[PDB]
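Student: So that we are looking at the same thing, I have put the structure below in structure tokens.
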Amino acid sequence: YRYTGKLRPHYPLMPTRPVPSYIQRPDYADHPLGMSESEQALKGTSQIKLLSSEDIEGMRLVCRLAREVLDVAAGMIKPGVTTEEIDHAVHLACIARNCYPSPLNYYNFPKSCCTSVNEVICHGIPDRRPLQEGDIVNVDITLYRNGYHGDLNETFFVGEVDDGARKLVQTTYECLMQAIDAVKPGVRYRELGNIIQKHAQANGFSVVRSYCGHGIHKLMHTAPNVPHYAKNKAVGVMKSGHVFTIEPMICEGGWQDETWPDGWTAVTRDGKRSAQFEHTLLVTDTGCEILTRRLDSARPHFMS
Ligand SMILES: [Co+2]
Ligand SMILES: [Co+2]
Ligand SMILES: [Co+2]
Ligand SMILES: [K+]
């Protein structure tokens, strides 16, 4: 394999971290290839669930706990810390909140969160590499509680970063919030991508095409599919009770992606940096509820 950038995997990984049996597990957790029968059973549907009152409560809870866990990870970002060490802390924090770390054994994914450094777009596997001054790193948290998944991510600075890093991360956050600000009953899912690309392009950045936002509730991913690029053909229209993510991945260079031999790590083909932010949203009558919102600050971590 020809690596696209300076990043390499740092193996071996520590043995798989156990989750105590008292934590309720998603169906894929104990499947040998980490396949989900309930996802298999709904695979291919276009229908978007309208959440019940119970469902909304369950999504509010799991999304609040996911935020708490991302906040644990944020507090550990500094030169010298390995992404594996961040994952360890994340794993323990999930368990301390009586949640299952949704990524663990999802289609045999080996870790409890995704850590995406520099040219990694998404799905980076926590490993023995210490974070370096100048790096950007995304931490993506997904938790499972009482039958519901919640999903969010932020990009962080590792010490002092260059002006390009500041601009990429700022612009990416702005893309997310402009998309969020458009969410309300009667808006087409395909419209969010127009908004995102418009801002990205204005700032000299490109938009990843192979990865999209998604429905989430009883399944980790389901309808709707939410591309972040302009003039997409996503299907469907927002209604009150829809829950989905918006999670734009923006790149310094070209939009094209490729996967490492690990089968998960998505990288820019050109080796330039990519940044991402993600919230889980519930569509309401006024607009939306940001279920994964930070509660003790108006701002994401990179702004402090
Ligand atoms: Co997501
Ligand atoms: Co995510
Ligand atoms: Co899947
Ligand atoms: K990245």
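The way I read the labels, and the way they are meant: chains A, B, ... in the order of the structure tokens, residue 1 as the first residue of every chain, and ligand 1 as the first ligand shown, with later ones counted on from there.
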Residues near residue A:289, anyone? I mean within 10 Å using only C-alpha atoms, not counting same-chain ones fewer than 6 positions away, as a list in words.
Tutor: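 Contacts, in chain order: residues 60, 180, 183, 184, 243, 280, 281, 282 and 283 of chain A.
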Student: Print the selection's residues with N, CA, C and O atoms to a file, as an mmCIF file, in the first residue's frame.
Tutor:
```cif
data_model
loop_
_atom_site.group_PDB
_atom_site.id
_atom_site.type_symbol
_atom_site.label_atom_id
_atom_site.label_comp_id
_atom_site.auth_asym_id
_atom_site.auth_seq_id
_atom_site.Cartn_x
_atom_site.Cartn_y
_atom_site.Cartn_z
ATOM 1 N N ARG A 60 -32.529 11.935 23.652
ATOM 2 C CA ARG A 60 -32.003 13.020 24.469
ATOM 3 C C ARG A 60 -30.979 12.514 25.498
ATOM 4 O O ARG A 60 -29.942 13.140 25.743
ATOM 5 N N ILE A 180 -27.025 23.477 10.110
ATOM 6 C CA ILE A 180 -27.925 23.262 11.243
ATOM 7 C C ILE A 180 -29.000 24.364 11.253
ATOM 8 O O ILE A 180 -30.157 24.072 11.532
ATOM 9 N N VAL A 183 -32.194 23.803 9.299
ATOM 10 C CA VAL A 183 -32.980 22.651 9.577
ATOM 11 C C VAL A 183 -34.322 23.074 10.197
ATOM 12 O O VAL A 183 -34.355 23.715 11.256
ATOM 13 N N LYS A 184 -35.405 22.545 9.615
ATOM 14 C CA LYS A 184 -36.764 22.771 10.061
ATOM 15 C C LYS A 184 -37.720 21.998 9.148
ATOM 16 O O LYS A 184 -37.364 21.627 8.031
ATOM 17 N N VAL A 243 -34.808 12.318 13.291
ATOM 18 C CA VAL A 243 -33.456 12.480 13.953
ATOM 19 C C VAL A 243 -32.369 12.018 12.986
ATOM 20 O O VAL A 243 -32.458 10.933 12.367
ATOM 21 N N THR A 280 -25.984 15.304 16.311
ATOM 22 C CA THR A 280 -27.251 14.568 16.099
ATOM 23 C C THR A 280 -28.357 15.592 16.339
ATOM 24 O O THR A 280 -28.316 16.309 17.373
ATOM 25 N N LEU A 281 -29.292 15.672 15.399
ATOM 26 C CA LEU A 281 -30.374 16.681 15.439
ATOM 27 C C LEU A 281 -31.729 15.977 15.529
ATOM 28 O O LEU A 281 -31.906 14.941 14.896
ATOM 29 N N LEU A 282 -32.666 16.594 16.258
ATOM 30 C CA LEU A 282 -34.081 16.227 16.247
ATOM 31 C C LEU A 282 -34.856 17.390 15.618
ATOM 32 O O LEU A 282 -34.761 18.537 16.059
ATOM 33 N N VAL A 283 -35.554 17.108 14.525
ATOM 34 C CA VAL A 283 -36.396 18.142 13.896
ATOM 35 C C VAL A 283 -37.639 18.362 14.788
ATOM 36 O O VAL A 283 -38.185 17.427 15.282
#
```
Student: Near residue A:196, within 7 Å and counting only C-alpha atoms, which residues show up once chain neighbours fewer than 4 positions away are dropped, as a list in words?
Tutor: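 After dropping sequence-adjacent residues, the list is residues 175, 179, 192, 200, 228 and 229 of chain A.
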Student: Could you please take those selected residues and save N, CA, C and O atoms as a PDB file, in the first residue's frame?
Tutor:
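Heads up, here's the output in selection32.pdb:
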```pdb
ATOM      1  N   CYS A 175     -19.469  25.577   8.433  1.00  0.00           N
ATOM      2  CA  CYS A 175     -20.278  24.756   7.529  1.00  0.00           C
ATOM      3  C   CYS A 175     -21.344  23.980   8.294  1.00  0.00           C
ATOM      4  O   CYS A 175     -22.544  23.904   7.884  1.00  0.00           O
ATOM      5  N   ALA A 179     -25.526  24.739   8.145  1.00  0.00           N
ATOM      6  CA  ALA A 179     -26.428  23.650   7.763  1.00  0.00           C
ATOM      7  C   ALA A 179     -27.477  23.463   8.848  1.00  0.00           C
ATOM      8  O   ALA A 179     -28.674  23.361   8.547  1.00  0.00           O
ATOM      9  N   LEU A 192     -29.006  20.731   2.368  1.00  0.00           N
ATOM     10  CA  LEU A 192     -27.923  20.979   3.363  1.00  0.00           C
ATOM     11  C   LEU A 192     -26.557  21.001   2.670  1.00  0.00           C
ATOM     12  O   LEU A 192     -25.698  21.825   2.941  1.00  0.00           O
ATOM     13  N   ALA A 200     -17.635  26.132   2.095  1.00  0.00           N
ATOM     14  CA  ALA A 200     -16.360  25.443   1.949  1.00  0.00           C
ATOM     15  C   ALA A 200     -15.589  26.004   0.738  1.00  0.00           C
ATOM     16  O   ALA A 200     -14.404  26.353   0.823  1.00  0.00           O
ATOM     17  N   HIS A 228     -23.057  16.123   2.039  1.00  0.00           N
ATOM     18  CA  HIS A 228     -22.595  17.433   2.444  1.00  0.00           C
ATOM     19  C   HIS A 228     -22.148  18.265   1.221  1.00  0.00           C
ATOM     20  O   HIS A 228     -21.690  19.391   1.394  1.00  0.00           O
ATOM     21  N   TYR A 229     -22.270  17.713  -0.003  1.00  0.00           N
ATOM     22  CA  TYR A 229     -21.836  18.400  -1.220  1.00  0.00           C
ATOM     23  C   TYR A 229     -23.042  18.854  -2.063  1.00  0.00           C
ATOM     24  O   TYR A 229     -24.168  18.324  -1.927  1.00  0.00           O
TER      25      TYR A 229
END
```
Student: Within 6 Å of ligand 1, which residues show up when you count only C-alpha atoms and all ligand atoms? List them as an mmCIF file with N, CA, C and O atoms, in the first residue's frame, please.
Tutor:
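File part_19.cif, as written:
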```cif
data_model
loop_
_atom_site.group_PDB
_atom_site.id
_atom_site.type_symbol
_atom_site.label_atom_id
_atom_site.label_comp_id
_atom_site.auth_asym_id
_atom_site.auth_seq_id
_atom_site.Cartn_x
_atom_site.Cartn_y
_atom_site.Cartn_z
ATOM 1 N N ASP A 151 -24.571 10.290 18.550
ATOM 2 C CA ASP A 151 -23.338 10.444 17.691
ATOM 3 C C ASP A 151 -22.903 11.904 17.577
ATOM 4 O O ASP A 151 -23.674 12.773 17.216
ATOM 5 N N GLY A 213 -23.851 12.346 6.384
ATOM 6 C CA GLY A 213 -24.668 12.279 7.595
ATOM 7 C C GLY A 213 -25.744 11.235 7.422
ATOM 8 O O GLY A 213 -25.958 10.766 6.298
ATOM 9 N N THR A 245 -27.929 12.988 11.638
ATOM 10 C CA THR A 245 -26.695 13.744 11.839
ATOM 11 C C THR A 245 -26.390 14.632 10.642
ATOM 12 O O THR A 245 -26.785 14.323 9.543
#
```
Student: Enumerate, in order of chain and increasing residue number, the residues of chain A with an atom no farther than 7 Å from ligand 4, each with its shortest atom pair and distance in Å to one decimal, counting only C-alpha atoms and all ligand atoms, as a Markdown table.
Tutor:
```
| residue | atom | partner | partner_atom_place_in_ligand_line | distance |
| --- | --- | --- | --- | --- |
| A:116 | CA | ligand 4 | 1 (K) | 4.6 |
| A:117 | CA | ligand 4 | 1 (K) | 4.3 |
| A:118 | CA | ligand 4 | 1 (K) | 4.0 |
| A:119 | CA | ligand 4 | 1 (K) | 5.2 |
| A:120 | CA | ligand 4 | 1 (K) | 4.5 |
| A:121 | CA | ligand 4 | 1 (K) | 5.0 |
| A:122 | CA | ligand 4 | 1 (K) | 6.7 |
| A:136 | CA | ligand 4 | 1 (K) | 6.2 |
| A:137 | CA | ligand 4 | 1 (K) | 5.4 |
| A:138 | CA | ligand 4 | 1 (K) | 5.6 |
| A:273 | CA | ligand 4 | 1 (K) | 6.0 |
| A:274 | CA | ligand 4 | 1 (K) | 4.5 |
| A:275 | CA | ligand 4 | 1 (K) | 4.7 |
| A:276 | CA | ligand 4 | 1 (K) | 7.0 |
```
Student: Could you write out that same residue set with C-alpha atoms as an mmCIF file, in the first residue's frame?
Tutor:
```
data_model
loop_
_atom_site.group_PDB
_atom_site.id
_atom_site.type_symbol
_atom_site.label_atom_id
_atom_site.label_comp_id
_atom_site.auth_asym_id
_atom_site.auth_seq_id
_atom_site.Cartn_x
_atom_site.Cartn_y
_atom_site.Cartn_z
ATOM 1 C CA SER A 116 -8.864 11.006 12.806
ATOM 2 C CA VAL A 117 -5.514 12.882 12.671
ATOM 3 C CA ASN A 118 -4.584 15.369 9.822
ATOM 4 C CA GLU A 119 -5.208 13.600 6.448
ATOM 5 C CA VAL A 120 -7.568 11.046 8.016
ATOM 6 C CA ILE A 121 -11.068 12.085 6.971
ATOM 7 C CA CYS A 122 -12.907 9.738 9.327
ATOM 8 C CA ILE A 136 -5.407 18.424 14.146
ATOM 9 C CA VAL A 137 -7.445 15.494 15.496
ATOM 10 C CA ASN A 138 -11.101 14.621 15.271
ATOM 11 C CA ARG A 273 -5.675 17.685 5.937
ATOM 12 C CA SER A 274 -9.378 17.131 6.562
ATOM 13 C CA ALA A 275 -11.556 18.358 9.426
ATOM 14 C CA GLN A 276 -15.043 17.372 10.604
#
```
Student: Using only C-alpha atoms and all ligand atoms, which residue out of A:261, A:215, A:224, A:254 lies closest to ligand 2?
Tutor: A:215
Student: Smallest atom-to-atom distance to residue A:88: which of A:265, A:16, A:178, A:206, using only C-alpha atoms?
Tutor: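 Residue with the minimum atom-to-atom distance to residue A:88: A:16.
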Student: Apply DSSP to the backbone of this structure and, from stretch 42-204 of chain A, keep only the residues in helix (DSSP H, G or I); write these as number ranges by chain.
Tutor: A: 42, 53-74, 83-96, 106-108, 163-181, 191-202
Student: Filtering to C-alpha atoms, could you give me those residues as a PDB file, in the first residue's frame?
Tutor:
```
ATOM      1  CA  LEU A  42     -33.968  -2.560   7.660  1.00  0.00           C
ATOM      2  CA  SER A  53     -42.162  10.496  22.917  1.00  0.00           C
ATOM      3  CA  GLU A  54     -40.290   7.547  24.469  1.00  0.00           C
ATOM      4  CA  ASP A  55     -37.822   7.575  21.557  1.00  0.00           C
ATOM      5  CA  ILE A  56     -37.134  11.298  21.962  1.00  0.00           C
ATOM      6  CA  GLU A  57     -36.411  10.834  25.680  1.00  0.00           C
ATOM      7  CA  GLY A  58     -34.052   7.928  24.897  1.00  0.00           C
ATOM      8  CA  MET A  59     -32.256   9.981  22.198  1.00  0.00           C
ATOM      9  CA  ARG A  60     -32.003  13.020  24.469  1.00  0.00           C
ATOM     10  CA  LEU A  61     -30.368  10.888  27.184  1.00  0.00           C
ATOM     11  CA  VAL A  62     -27.871   8.972  25.024  1.00  0.00           C
ATOM     12  CA  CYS A  63     -26.887  12.140  23.141  1.00  0.00           C
ATOM     13  CA  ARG A  64     -26.307  13.996  26.414  1.00  0.00           C
ATOM     14  CA  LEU A  65     -24.051  11.142  27.665  1.00  0.00           C
ATOM     15  CA  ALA A  66     -22.183  11.066  24.297  1.00  0.00           C
ATOM     16  CA  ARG A  67     -21.455  14.793  24.744  1.00  0.00           C
ATOM     17  CA  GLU A  68     -20.118  14.102  28.233  1.00  0.00           C
ATOM     18  CA  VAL A  69     -17.754  11.467  26.812  1.00  0.00           C
ATOM     19  CA  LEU A  70     -16.501  13.681  23.960  1.00  0.00           C
ATOM     20  CA  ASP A  71     -15.808  16.323  26.640  1.00  0.00           C
ATOM     21  CA  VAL A  72     -13.647  13.733  28.513  1.00  0.00           C
ATOM     22  CA  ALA A  73     -11.643  13.162  25.289  1.00  0.00           C
ATOM     23  CA  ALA A  74     -11.286  16.908  24.597  1.00  0.00           C
ATOM     24  CA  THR A  83      -4.967   8.168  20.344  1.00  0.00           C
ATOM     25  CA  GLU A  84      -5.079   4.724  22.016  1.00  0.00           C
ATOM     26  CA  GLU A  85      -4.851   6.470  25.444  1.00  0.00           C
ATOM     27  CA  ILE A  86      -7.732   8.745  24.434  1.00  0.00           C
ATOM     28  CA  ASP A  87      -9.733   5.664  23.426  1.00  0.00           C
ATOM     29  CA  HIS A  88      -8.963   3.957  26.768  1.00  0.00           C
ATOM     30  CA  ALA A  89     -10.364   6.965  28.666  1.00  0.00           C
ATOM     31  CA  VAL A  90     -13.372   7.118  26.302  1.00  0.00           C
ATOM     32  CA  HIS A  91     -14.042   3.386  26.871  1.00  0.00           C
ATOM     33  CA  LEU A  92     -13.977   3.825  30.686  1.00  0.00           C
ATOM     34  CA  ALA A  93     -16.155   6.954  30.469  1.00  0.00           C
ATOM     35  CA  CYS A  94     -18.773   5.128  28.385  1.00  0.00           C
ATOM     36  CA  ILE A  95     -18.910   2.285  30.932  1.00  0.00           C
ATOM     37  CA  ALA A  96     -19.114   4.787  33.831  1.00  0.00           C
ATOM     38  CA  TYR A 106     -19.258  -2.648  14.705  1.00  0.00           C
ATOM     39  CA  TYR A 107     -18.336  -4.780  11.637  1.00  0.00           C
ATOM     40  CA  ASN A 108     -15.331  -5.810  13.715  1.00  0.00           C
ATOM     41  CA  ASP A 163      -2.910  29.269   9.915  1.00  0.00           C
ATOM     42  CA  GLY A 164      -4.147  26.707   7.353  1.00  0.00           C
ATOM     43  CA  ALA A 165      -5.237  24.409  10.213  1.00  0.00           C
ATOM     44  CA  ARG A 166      -7.066  27.267  11.969  1.00  0.00           C
ATOM     45  CA  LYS A 167      -8.884  28.258   8.780  1.00  0.00           C
ATOM     46  CA  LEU A 168      -9.850  24.645   7.857  1.00  0.00           C
ATOM     47  CA  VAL A 169     -11.250  23.869  11.325  1.00  0.00           C
ATOM     48  CA  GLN A 170     -13.047  27.272  11.609  1.00  0.00           C
ATOM     49  CA  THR A 171     -14.573  26.913   8.150  1.00  0.00           C
ATOM     50  CA  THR A 172     -15.651  23.288   8.875  1.00  0.00           C
ATOM     51  CA  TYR A 173     -17.440  24.365  12.087  1.00  0.00           C
ATOM     52  CA  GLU A 174     -19.107  27.271  10.186  1.00  0.00           C
ATOM     53  CA  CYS A 175     -20.278  24.756   7.529  1.00  0.00           C
ATOM     54  CA  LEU A 176     -21.890  22.614  10.201  1.00  0.00           C
ATOM     55  CA  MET A 177     -23.637  25.505  11.928  1.00  0.00           C
ATOM     56  CA  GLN A 178     -24.940  27.080   8.650  1.00  0.00           C
ATOM     57  CA  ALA A 179     -26.428  23.650   7.763  1.00  0.00           C
ATOM     58  CA  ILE A 180     -27.925  23.262  11.243  1.00  0.00           C
ATOM     59  CA  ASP A 181     -29.404  26.764  11.065  1.00  0.00           C
ATOM     60  CA  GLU A 191     -30.437  21.224   0.424  1.00  0.00           C
ATOM     61  CA  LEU A 192     -27.923  20.979   3.363  1.00  0.00           C
ATOM     62  CA  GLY A 193     -25.149  20.024   0.902  1.00  0.00           C
ATOM     63  CA  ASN A 194     -25.695  23.177  -1.177  1.00  0.00           C
ATOM     64  CA  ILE A 195     -25.203  25.281   1.944  1.00  0.00           C
ATOM     65  CA  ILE A 196     -22.115  23.349   3.088  1.00  0.00           C
ATOM     66  CA  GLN A 197     -20.304  23.336  -0.269  1.00  0.00           C
ATOM     67  CA  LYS A 198     -21.055  27.037  -0.836  1.00  0.00           C
ATOM     68  CA  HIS A 199     -19.177  28.004   2.384  1.00  0.00           C
ATOM     69  CA  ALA A 200     -16.360  25.443   1.949  1.00  0.00           C
ATOM     70  CA  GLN A 201     -15.697  26.497  -1.669  1.00  0.00           C
ATOM     71  CA  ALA A 202     -15.727  30.196  -0.772  1.00  0.00           C
TER      72      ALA A 202
END
```
Student: Check which residues of chain A sit at most 6 Å from ligand 2 using only C-alpha atoms and all ligand atoms, and return one row each with the closest pair of atoms and their distance in Å to one decimal, ordered by chain and rising number, as a Markdown table.
Tutor:
```
| residue | atom | partner | partner_atom_place_in_ligand_line | distance |
| --- | --- | --- | --- | --- |
| A:140 | CA | ligand 2 | 1 (Co) | 5.0 |
| A:151 | CA | ligand 2 | 1 (Co) | 4.8 |
| A:152 | CA | ligand 2 | 1 (Co) | 5.0 |
| A:153 | CA | ligand 2 | 1 (Co) | 5.8 |
```
Student: Could you turn the residues from that selection into a file that holds C-alpha atoms, as an mmCIF file, in the first residue's frame?
Tutor:
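New file again_9.cif:
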```cif
data_model
loop_
_atom_site.group_PDB
_atom_site.id
_atom_site.type_symbol
_atom_site.label_atom_id
_atom_site.label_comp_id
_atom_site.auth_asym_id
_atom_site.auth_seq_id
_atom_site.Cartn_x
_atom_site.Cartn_y
_atom_site.Cartn_z
ATOM 1 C CA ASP A 140 -15.936 10.872 17.016
ATOM 2 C CA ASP A 151 -23.338 10.444 17.691
ATOM 3 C CA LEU A 152 -21.122 13.554 17.681
ATOM 4 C CA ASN A 153 -17.581 14.657 16.820
#
```
Student: Which of stretch 155-302 of chain A counts as strand (DSSP E) under DSSP, as a ChimeraX atom specification please?
Tutor: /A:155-157,206-207,213-215,222-226,243-246,249-251,257-259,266-268,274-276,279-283,288-290
Student: Go ahead and dump the residues you just picked, C-alpha atoms, as an mmCIF file, in the first residue's frame.
Tutor:
```
data_model
loop_
_atom_site.group_PDB
_atom_site.id
_atom_site.type_symbol
_atom_site.label_atom_id
_atom_site.label_comp_id
_atom_site.auth_asym_id
_atom_site.auth_seq_id
_atom_site.Cartn_x
_atom_site.Cartn_y
_atom_site.Cartn_z
ATOM 1 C CA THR A 155 -11.868 18.488 15.591
ATOM 2 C CA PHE A 156 -9.253 19.668 18.086
ATOM 3 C CA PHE A 157 -5.910 21.460 17.857
ATOM 4 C CA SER A 206 -13.400 20.792 -0.898
ATOM 5 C CA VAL A 207 -16.152 18.518 0.445
ATOM 6 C CA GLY A 213 -24.668 12.279 7.595
ATOM 7 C CA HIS A 214 -27.340 9.760 8.483
ATOM 8 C CA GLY A 215 -30.415 8.861 10.421
ATOM 9 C CA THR A 222 -30.308 4.496 8.712
ATOM 10 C CA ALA A 223 -32.433 6.754 6.535
ATOM 11 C CA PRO A 224 -32.026 9.519 5.718
ATOM 12 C CA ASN A 225 -28.751 9.794 3.824
ATOM 13 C CA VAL A 226 -27.383 13.341 4.079
ATOM 14 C CA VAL A 243 -33.456 12.480 13.953
ATOM 15 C CA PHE A 244 -30.313 12.563 11.867
ATOM 16 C CA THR A 245 -26.695 13.744 11.839
ATOM 17 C CA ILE A 246 -24.941 16.477 9.928
ATOM 18 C CA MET A 249 -15.796 16.519 6.249
ATOM 19 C CA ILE A 250 -13.884 19.364 4.554
ATOM 20 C CA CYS A 251 -10.433 19.141 2.958
ATOM 21 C CA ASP A 257 -10.848 9.619 -0.395
ATOM 22 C CA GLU A 258 -9.286 6.148 -0.153
ATOM 23 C CA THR A 259 -9.253 3.464 2.604
ATOM 24 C CA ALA A 266 -10.400 6.963 5.290
ATOM 25 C CA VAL A 267 -7.733 9.365 4.071
ATOM 26 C CA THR A 268 -7.412 12.137 1.502
ATOM 27 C CA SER A 274 -9.378 17.131 6.562
ATOM 28 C CA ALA A 275 -11.556 18.358 9.426
ATOM 29 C CA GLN A 276 -15.043 17.372 10.604
ATOM 30 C CA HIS A 279 -24.175 16.861 15.812
ATOM 31 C CA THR A 280 -27.251 14.568 16.099
ATOM 32 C CA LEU A 281 -30.374 16.681 15.439
ATOM 33 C CA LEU A 282 -34.081 16.227 16.247
ATOM 34 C CA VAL A 283 -36.396 18.142 13.896
ATOM 35 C CA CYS A 288 -34.370 21.485 15.547
ATOM 36 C CA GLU A 289 -33.032 20.428 18.890
ATOM 37 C CA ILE A 290 -29.249 19.923 18.914
#
```
Student: Residues up to 10 Å from ligand 3, counting only C-alpha atoms and all ligand atoms: could you list those as a PyMOL selection string?
Tutor: chain A and resi 34-36+39-40+43+106-107+219-222
Student: Using N, CA, C and O atoms, can you export the residues from the last selection as a PDB file, in the first residue's frame?
Tutor:
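File again.pdb, as written:
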```pdb
ATOM      1  N   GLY A  34     -19.385  -8.803  13.521  1.00  0.00           N
ATOM      2  CA  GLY A  34     -19.922  -7.528  13.994  1.00  0.00           C
ATOM      3  C   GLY A  34     -21.039  -7.003  13.109  1.00  0.00           C
ATOM      4  O   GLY A  34     -21.185  -5.782  12.937  1.00  0.00           O
ATOM      5  N   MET A  35     -21.826  -7.911  12.514  1.00  0.00           N
ATOM      6  CA  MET A  35     -22.965  -7.515  11.711  1.00  0.00           C
ATOM      7  C   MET A  35     -24.187  -7.378  12.633  1.00  0.00           C
ATOM      8  O   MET A  35     -24.288  -8.066  13.668  1.00  0.00           O
ATOM      9  N   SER A  36     -25.091  -6.468  12.267  1.00  0.00           N
ATOM     10  CA  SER A  36     -26.263  -6.140  13.038  1.00  0.00           C
ATOM     11  C   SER A  36     -27.487  -6.723  12.325  1.00  0.00           C
ATOM     12  O   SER A  36     -27.805  -6.275  11.241  1.00  0.00           O
ATOM     13  N   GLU A  39     -30.032  -3.968  11.636  1.00  0.00           N
ATOM     14  CA  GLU A  39     -29.637  -3.135  10.471  1.00  0.00           C
ATOM     15  C   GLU A  39     -29.856  -3.919   9.161  1.00  0.00           C
ATOM     16  O   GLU A  39     -30.336  -3.386   8.179  1.00  0.00           O
ATOM     17  N   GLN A  40     -29.431  -5.184   9.142  1.00  0.00           N
ATOM     18  CA  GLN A  40     -29.627  -6.043   7.989  1.00  0.00           C
ATOM     19  C   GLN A  40     -31.118  -6.017   7.614  1.00  0.00           C
ATOM     20  O   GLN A  40     -31.454  -5.812   6.462  1.00  0.00           O
ATOM     21  N   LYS A  43     -32.053  -2.757   6.135  1.00  0.00           N
ATOM     22  CA  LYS A  43     -31.132  -2.314   5.075  1.00  0.00           C
ATOM     23  C   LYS A  43     -31.941  -1.975   3.811  1.00  0.00           C
ATOM     24  O   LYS A  43     -32.840  -2.728   3.411  1.00  0.00           O
ATOM     25  N   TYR A 106     -18.403  -2.963  15.870  1.00  0.00           N
ATOM     26  CA  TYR A 106     -19.258  -2.648  14.705  1.00  0.00           C
ATOM     27  C   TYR A 106     -18.526  -3.070  13.422  1.00  0.00           C
ATOM     28  O   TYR A 106     -17.516  -2.512  13.067  1.00  0.00           O
ATOM     29  N   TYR A 107     -19.008  -4.146  12.788  1.00  0.00           N
ATOM     30  CA  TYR A 107     -18.336  -4.780  11.637  1.00  0.00           C
ATOM     31  C   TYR A 107     -16.856  -4.971  11.952  1.00  0.00           C
ATOM     32  O   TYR A 107     -15.992  -4.685  11.121  1.00  0.00           O
ATOM     33  N   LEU A 219     -30.941   2.189  15.271  1.00  0.00           N
ATOM     34  CA  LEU A 219     -29.784   1.801  14.456  1.00  0.00           C
ATOM     35  C   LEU A 219     -28.746   2.932  14.466  1.00  0.00           C
ATOM     36  O   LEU A 219     -29.098   4.104  14.527  1.00  0.00           O
ATOM     37  N   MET A 220     -27.479   2.562  14.291  1.00  0.00           N
ATOM     38  CA  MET A 220     -26.392   3.511  14.289  1.00  0.00           C
ATOM     39  C   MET A 220     -26.486   4.368  13.032  1.00  0.00           C
ATOM     40  O   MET A 220     -26.230   5.570  13.065  1.00  0.00           O
ATOM     41  N   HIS A 221     -26.870   3.733  11.920  1.00  0.00           N
ATOM     42  CA  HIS A 221     -27.082   4.466  10.689  1.00  0.00           C
ATOM     43  C   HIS A 221     -28.295   3.902   9.951  1.00  0.00           C
ATOM     44  O   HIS A 221     -28.461   2.693   9.819  1.00  0.00           O
ATOM     45  N   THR A 222     -29.142   4.830   9.490  1.00  0.00           N
ATOM     46  CA  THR A 222     -30.308   4.496   8.712  1.00  0.00           C
ATOM     47  C   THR A 222     -30.766   5.749   7.968  1.00  0.00           C
ATOM     48  O   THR A 222     -30.059   6.764   7.955  1.00  0.00           O
TER      49      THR A 222
END
```
Student: Sorted by chain and rising residue number, list the residues of stretch 79-139 of chain A at most 7 Å from stretch 20-28 of chain A (counting only C-alpha atoms), each with its closest atom pair and distance in Å to one decimal, as a tab-separated table.
Tutor:
```
residue	atom	partner	partner_atom	distance
A:98	CA	A:23	CA	5.7
A:99	CA	A:23	CA	6.3
A:100	CA	A:25	CA	6.1
A:106	CA	A:28	CA	6.3
```
Student: Using only C-alpha atoms for the distances, tell me which of A:134, A:278, A:240, A:160 is nearest to residue A:291.
Tutor: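 Nearest to residue A:291: A:278.
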Student: I'd like the interatomic distance between atom CA of residue A:262 and atom CA of residue A:125, to a tenth of an Å.
Tutor: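 We find that atom CA of residue A:262 and atom CA of residue A:125 lie 8.7 Å from each other.
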Student: Would you kindly return, as a VMD selection string, each protein, DNA or RNA residue with an atom no farther than 6 Å from any atom of residue A:135, considering only C-alpha atoms and excluding same-chain residues fewer than 2 positions away?
Tutor: chain A and resid 132 to 133 158
Student: Set the distance at 6 Å and use only C-alpha atoms: which residues neighbour residue A:112 once local chain neighbours fewer than 3 positions away are removed? I'd like the list as JSON, numbers by chain.
Tutor: {"A": [91, 101, 103, 104]}
Student: Save the residues we just selected, C-alpha atoms, as a compact mmCIF listing (two decimals), in the first residue's frame?
Tutor:
```txt
# COMPACT_ATOMS: atom_id res chain seq x y z
CA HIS A 91 -14.04 3.39 26.87
CA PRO A 101 -19.24 2.21 23.04
CA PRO A 103 -18.04 1.51 17.46
CA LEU A 104 -16.68 -1.48 19.38
```
Student: How many Å separate atom CA of residue A:113 from atom CA of residue A:297?
Tutor: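 We find that atom CA of residue A:113 and atom CA of residue A:297 lie 23.0 Å from each other.
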Student: Between A:186, A:260, A:270, A:75, which has the minimum distance to residue A:302 (counting only C-alpha atoms)?
Tutor: A:75
